[PDB]
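S.K.:
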Amino acid sequence: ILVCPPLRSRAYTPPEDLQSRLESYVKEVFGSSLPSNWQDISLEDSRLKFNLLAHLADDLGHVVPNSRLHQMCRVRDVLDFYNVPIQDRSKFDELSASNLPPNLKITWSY
Amino acid sequence: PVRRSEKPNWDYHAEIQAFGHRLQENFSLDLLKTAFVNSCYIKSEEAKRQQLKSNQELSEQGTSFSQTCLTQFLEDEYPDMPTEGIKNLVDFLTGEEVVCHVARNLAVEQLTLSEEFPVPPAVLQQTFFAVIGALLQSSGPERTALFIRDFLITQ
Amino acid sequence: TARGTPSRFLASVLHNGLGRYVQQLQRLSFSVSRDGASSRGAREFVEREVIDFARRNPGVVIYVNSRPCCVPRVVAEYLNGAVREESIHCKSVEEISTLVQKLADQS
Amino acid sequence: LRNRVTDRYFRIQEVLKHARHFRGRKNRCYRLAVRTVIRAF
Amino acid sequence: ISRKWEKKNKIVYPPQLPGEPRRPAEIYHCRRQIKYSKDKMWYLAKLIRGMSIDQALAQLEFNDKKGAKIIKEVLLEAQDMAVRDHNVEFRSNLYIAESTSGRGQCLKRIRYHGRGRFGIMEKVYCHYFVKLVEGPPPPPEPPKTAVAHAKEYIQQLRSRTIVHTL
Amino acid sequence: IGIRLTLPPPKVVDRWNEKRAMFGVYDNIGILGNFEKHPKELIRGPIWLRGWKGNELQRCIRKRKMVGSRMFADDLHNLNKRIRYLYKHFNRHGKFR
Amino acid sequence: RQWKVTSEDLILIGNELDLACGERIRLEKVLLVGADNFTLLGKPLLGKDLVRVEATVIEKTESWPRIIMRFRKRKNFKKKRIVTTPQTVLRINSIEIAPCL
RNA sequence: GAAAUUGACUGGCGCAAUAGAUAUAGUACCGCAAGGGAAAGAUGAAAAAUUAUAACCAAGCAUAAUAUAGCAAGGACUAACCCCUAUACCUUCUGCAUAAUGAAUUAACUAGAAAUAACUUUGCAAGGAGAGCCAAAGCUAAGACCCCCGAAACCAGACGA
Ligand SMILES: [Mg+2]
Ligand SMILES: [Mg+2]
Ligand SMILES: [Mg+2]
Ligand SMILES: [Mg+2]
Ligand SMILES: [Mg+2]
Ligand SMILES: [Mg+2]
Ligand SMILES: [Mg+2]
Ligand SMILES: [Mg+2]
Ligand SMILES: [Mg+2]
Ligand SMILES: [Mg+2]
Ligand SMILES: [Mg+2]
Ligand SMILES: [Mg+2]
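Residue numbers (full-length UniProt numbering), protein chains in the order written: chain A, 49 to 158; chain B, 57 to 107, 119 to 222; chain C, 2 to 108; chain D, 10 to 50; chain E, 47 to 212; chain F, 32 to 128; chain G, 104 to 204.
(1) Buried or exposed for residue 33/B, going by 16 or more other Cβ atoms inside 10 Å?
(2) How should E176/B be labelled, buried or exposed, when 16 other C-beta atoms within 10 angstroms of its C-beta is the threshold for buried?
(3) So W156/A is in the beta strand (DSSP E); what residue range does that whole segment cover?
(4) Does the CB of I32/F have a neighbour CB from chain D at under 8 Å?
(5) Just the C-alpha distance for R116/A and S81/A, rounded to the nearest angstrom, thanks.
(6) At the 8 Å Cβ level, is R129/G part of the contact set with chain C, yes or no?
(7) On a Cα-Cα basis, can you pick out the residue from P186/E, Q101/E, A71/E, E66/E that is closest to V58/E?
(8) How about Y73/A and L100/A: are their beta carbons less than 8 Å apart?
(9) Out of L66/A, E92/A, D65/A, which one is the CA nearest neighbour of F78/A?
(10) Output needed for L143/A: all residues of its chain with C-beta closer than 7 Å, excluding positions within five of it in sequence on either side, in chain order.
(11) Going along chain C, which residues have a C-beta under 8 Å from residue 5/A?
(12) With distances taken from CA atoms, which of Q67/A, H118/A, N114/A, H103/A is nearest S90/A?
(13) Since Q27/C is in the beta strand (DSSP E), which residue starts that stretch and which ends it?
(14) At what residues does the beta strand (DSSP E) containing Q190/G begin and finish?
(15) Taking the alpha helix (DSSP H) that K50/E belongs to, which residues open and close that run?
(16) Does any C-beta atom of chain A lie closer than 8 Å to the C-beta of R49/C?
(17) Give the interface partners of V72/C over in chain B, defined as CB-CB distance under 7 Å, in chain order.
(18) Check the Cβ of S30/C against every Cβ in chain B and list those closer than 8 Å, keeping chain order.
(19) Tell me, which residues are paired with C91/F by DSSP?
(20) Checking 8 Å against the spacing of the C-beta atoms, do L115/G and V156/G come in under that value?
(21) Hey, is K182/G's beta-carbon within less than 8 Å of any beta-carbon in chain D?
(22) Cβ closer than 8 Å: which chain C residues qualify as neighbours of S146/A?
(23) Is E144/E helix, strand or coil by DSSP?
(24) Cβ of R56/C less than 8 Å from any chain B Cβ?
(25) The beta strand (DSSP E) with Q79/E in it runs from where to where?
(26) May I ask you to report which of helix, strand or coil DSSP gives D112/G?
(27) Whether or not the region 200–209 of chain B and the region 78–91 of chain B are in contact is what I'm after, with contact meaning three or more pairs of Cβ atoms, one per stretch, closer than 8 Å; do they touch?
(28) Do you know whose CA, among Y97/B, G76/B, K120/B, lies nearest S181/B's CA?
(29) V56/F by DSSP, collapsed to three states: which one?
(30) Just to make sure I have the definition right: I need the residues of chain C whose C-beta is within less than 8 Å of the C-beta of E111/G. Which are they?
(31) Is the Cβ-Cβ distance between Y141/E and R77/E less than 8 Å?
(32) Indicate the three-state DSSP secondary structure (helix, strand or coil) for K92/E in the structure shown.
(33) Looking at the unbroken beta strand (DSSP E) that takes in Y39/D, where does it start and where does it end?
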């Protein structure tokens, strides 16, 4: 009998040292000899792409979806995707967290 | 007939704020709530407890200001009426029928905390003049004079 | 037909507009459903347009009830004890905005 | 007998609610009523 | 079929406050499936509407109709149930508030005509309904007086307005 | 009055039966199974209506041609009469010629 | 249209007036102004310096539904339509005159 | 209207008491006979609970007859009428308020079926289609178009003096 871990949230705040951590990661995965434009190195090799994306996913808790994996052509793009924040909440909570005027009342009978 | 409080969609603080805003008056919130709380509602709710501030000061202030201010408007616009006629016009404007009609179509009854529904006309008149007293305490004599001018000379 | 329906004379609520204008709309109750394709337009209206309407009309209390229903509705309560129940079933967001504004300007 | 009409009551009653204040059988019998509501409009 | 007249008899009321009128007793009775026409029974009921109970019994006793005898029996048993179960004080202190006749369940028989022709006979049946109310019979409405006629004419003349103008 | 006085009893449907959960499976058996089979031989029904559409007269002709021999006497008589009527109607009546 | 208005009056305009409710506007094309003991007559319009009318948009509503039915007999001709005309209720507040004759 | 030749179980986008079998039944009833041929029933877990809260809904009536004047209304109006306007409907027709047709009214049932092409939208394309067929942009697939009732008659086999 295997226990199931509790359900993870999709809330992902982009960390402040995303630049320096991406530097660390690209350094162990693509080797010590960096091209000066580390921005613009290709991800055409699927093994190198798997290693980089899997390391980033296991660190940051955020995984690139299958509909964006083909888009993930450069670590430029990978930096863009991990820069983009995604947010998880019920939208009843979203409508409440939006600054409601005092004459508007929301009830959630669900 | 059942009161709008026991009718489903209701929120008392929102209704009080909308009352002040749709009357375009900067009411004090606690003063308005105490102007809507009546003594009979007080007595019914201790009785329910065995199984705070009333209208009276605000009602008396609003009533006295209504008499004085209405008499002032009437005898300034019509200098030739004698005192009996000015007094009778003032008693008509602060009478039961006119004040209850104004309170009902301004929805003082919906916000009135009382014992019986429909609200008895004496209770509704007292609640309306407590609202007048709250407006006098919150805004000032000229502003509540404009309020009285509108909502009674229009009658 | 005039002979088959009631009639009345032109009137205001309490001599409205003489001293000051009082908005006769008091309450708006929006029954909307989370999962209803009929309620999609009202869902968009609650998402985008109800905040600005509530800010523009501070004298009106707006309740929004998200509950499982097939026909989304709006109930407008007016100061003289009037109640108007209207179906916003399968209406776009601009049609709902036009209707809710029209209810606001009614007596 | 698939696909019978089930809201014939409501169609009859919208014509009859326009015909309600008439005199005779034309305020309640649908045939005579619908011949008169049209003329009224 | 429906028996709401009997259920009306079995309706009950809350207890009375000591400071309000006495709420006079109401007694509902009916007879069903009377071998008689509802129109003729209507003539008898319209005769005994609004009478006192004894006045109705006298009129039905000296009328010459089968419906009159049947209605007399129904009135007697309604009076008996009135002062036996509904706490009517005096058996003469009742009047007929409602008295009407309805259609009953009829039967279709053939009526042989000439040639090969035929008709359908209707073995007509009817119901009789009565309501007895405790108290003296209400006074008949007095006929309209010339003073009242002049008054209503003056009221129309004073209710006239200037139409289709400001 | 032609209308119910009470609500009809609720018509609950299981959207996840065997039949609904597995509707449509193997409908691409020809183009995903080296064309050894056909959907027209996936179809189960009457023996004269397996992979064939037709209008009414064609259906009646096909039924009489295929299962005419092993058919009941009055059913075959009604089928002969129906074919005769449908022939007359389709070849002799209508708006367009 | 020509409206004979006074102060504290109500009129019903049969179209929308692109104004918010409770909005104070000035009516200008004054054909006539008058009191007891005197009237002033424009030719055909009075001076805007001479007379002002003040009105207030107090209601923006719709009319009751109007039926348009067309019927021609023995020709199967039968047509129904429902219209709701927009309307605007104005309260005439004040009528002011200035000494300019 | 050919042929040679080719090769080929246990469910319901059914009905639910005017429907679905005519069927509760070939019974009742009708006819000498062959033969024709119906209608309908609805409580509850318990009726060894006959009770009383079930209604509300067609036509028809009752509660509750009527008041100068006129297709029965509409414009209206303080006001039901009084004032003003106004030649029922369908079919048929050159043309019908027609004193031409049909209809007492209510409920239910009761009348547009498809090819050849064309057009629109896809797929593939000098080829298209899961053989066969068509092809000087075509072929394949789908969509979309063709009613109901009624004679006097004619023939076959029975049943009847
Ligand atoms: Mg049957
Ligand atoms: Mg049958
Ligand atoms: Mg009826
Ligand atoms: Mg006339
Ligand atoms: Mg002719
Ligand atoms: Mg003519
Ligand atoms: Mg005639
Ligand atoms: Mg003739
Ligand atoms: Mg005729
Ligand atoms: Mg003819
Ligand atoms: Mg011949
Ligand atoms: Mg012989």
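Just so it is clear, CB atoms sit at the ideal spot from N, CA and C, and this is done for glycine as well.
M.R.: By the coordinates alone:
(1) What the structure shows of chain B is the stretch from 57 to 222, and residue 33/B is not part of that stretch, so it cannot be assessed.
(2) Mapped onto the second sequence, residue 176/B falls at position 109. By the 16-neighbour rule on beta-carbons within 10 angstroms, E176/B is buried.
(3) Against the first sequence, residue 156/A aligns to sequence position 108. Unbroken beta strand (DSSP E) run through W156/A: 152–156.
(4) For the purposes of this step, residue 32/F is taken as the residue at position 1 of the sixth sequence. Yes, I32/F lies at the interface with chain D (some Cβ there is under 8 Å from its Cβ).
(5) For the purposes of this step, residue 116/A is taken as the residue at position 68 of the first sequence. For the purposes of this step, residue 81/A is taken as the residue at position 33 of the first sequence. Distance between the alpha carbons of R116/A and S81/A: 28 Å.
(6) Along the seventh sequence, one-based indexing puts residue 129/G at 26. Answer no: the Cβ-Cβ gap between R129/G and chain C never drops below 8 Å.
(7) Residue 58/E sits at position 12 when you count from the first residue of the fifth sequence. Residue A71/E is the option with its Cα nearest to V58/E.
(8) Taking the first sequence and counting its residues from 1, the one referred to as residue 73/A is at position 25. Taking the first sequence and counting its residues from 1, the one referred to as residue 100/A is at position 52. In this structure, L100/A lies closer than 8 Å to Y73/A by Cβ.
(9) Residue mapping note: residue 78/A aligns to position 30 of the first sequence, counting from 1. For the residues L66/A, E92/A, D65/A, the minimum Cα distance to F78/A belongs to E92/A.
(10) For this step, residue 143/A is matched to residue 95 along the first sequence. Around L143/A: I154.
(11) Residue 5/A cannot be examined here, being either before or after the span of chain A that is shown, 49 to 158.
(12) Locating residue 90/A in the first sequence gives position 42, counting from the first residue. If we check each option's Cα against that of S90/A, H118/A comes out closest.
(13) Reading the third sequence from its first residue, position 26 is the one you call residue 27/C. Its beta strand (DSSP E) spans residues 26–33.
(14) Here residue 190/G corresponds to residue number 87 of the seventh sequence, with the count starting at 1. Taken as a continuous stretch (DSSP letters only), the beta strand (DSSP E) holding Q190/G covers 189–200.
(15) Reading the fifth sequence from its first residue, position 4 is the one you call residue 50/E. Where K50/E is concerned, the enclosing alpha helix (DSSP H) stretches over 50–55.
(16) Residue numbering aside, residue 49/C sits at position 48 when the third sequence is read from its first letter. Not an interface residue.
(17) Numbered from 1 along the third sequence, position 71 holds the residue referred to as residue 72/C. One finds nothing in chain B with a Cβ atom closer than 7 Å to the Cβ of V72/C; even the nearest lies about 17 Å away.
(18) Residue numbering aside, residue 30/C sits at position 29 when the third sequence is read from its first letter. Ordered by position in chain B, the residues that pass the 8 Å Cβ test against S30/C are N65.
(19) The residue labelled residue 91/F in the question sits at position 60 within the sixth sequence. None, per the DSSP bridge assignment.
(20) Along the seventh sequence, read from residue 1 onward, the residue named residue 115/G stands at position 12. Along the seventh sequence, read from residue 1 onward, the residue named residue 156/G stands at position 53. No.
(21) Your numbering for residue 182/G matches position 79 in the seventh sequence. Closer than 8 Å: no.
(22) Position 98 of the first sequence, counting from 1, holds the residue named residue 146/A. What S146/A touches in chain C: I52.
(23) To locate residue 144/E, count along the fifth sequence from 1; it is residue 98. Strand, per DSSP.
(24) Residue numbering aside, residue 56/C sits at position 55 when the third sequence is read from its first letter. Contacts with chain B at 8 Å (Cβ-Cβ) do not include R56/C.
(25) By 1-based counting over the fifth sequence, the position of residue 79/E is 33. Looking at the DSSP string, the run of the beta strand (DSSP E) that includes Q79/E is 72–80.
(26) In the seventh sequence, residue 112/G corresponds to position 9, counting from 1. Strand at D112/G.
(27) yes
(28) Against the second sequence, residue 181/B aligns to sequence position 114. Selected option, being the one with the closest Cα: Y97/B.
(29) Position 25 of the sixth sequence, counted from the start, is the residue given in the question as residue 56/F. If DSSP states are grouped into helix, strand and coil, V56/F belongs with coil.
(30) To locate residue 111/G, count along the seventh sequence from 1; it is residue 8. Within 8 Å Cβ-Cβ: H16, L19.
(31) Here residue 141/E is taken as the residue at index 95 of the fifth sequence, counted from 1. Here residue 77/E is taken as the residue at index 31 of the fifth sequence, counted from 1. Taking 8 Å as the Cβ cut-off, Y141/E and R77/E do not qualify as a contacting pair.
(32) The residue given as residue 92/E occupies position 46 in the fifth sequence. Helix at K92/E.
(33) As a first step, residue 39/D is located in the fourth sequence; it is residue number 30 there, counting from the start. Not the beta strand (DSSP E): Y39/D falls in the alpha helix (DSSP H), residues 39–49.
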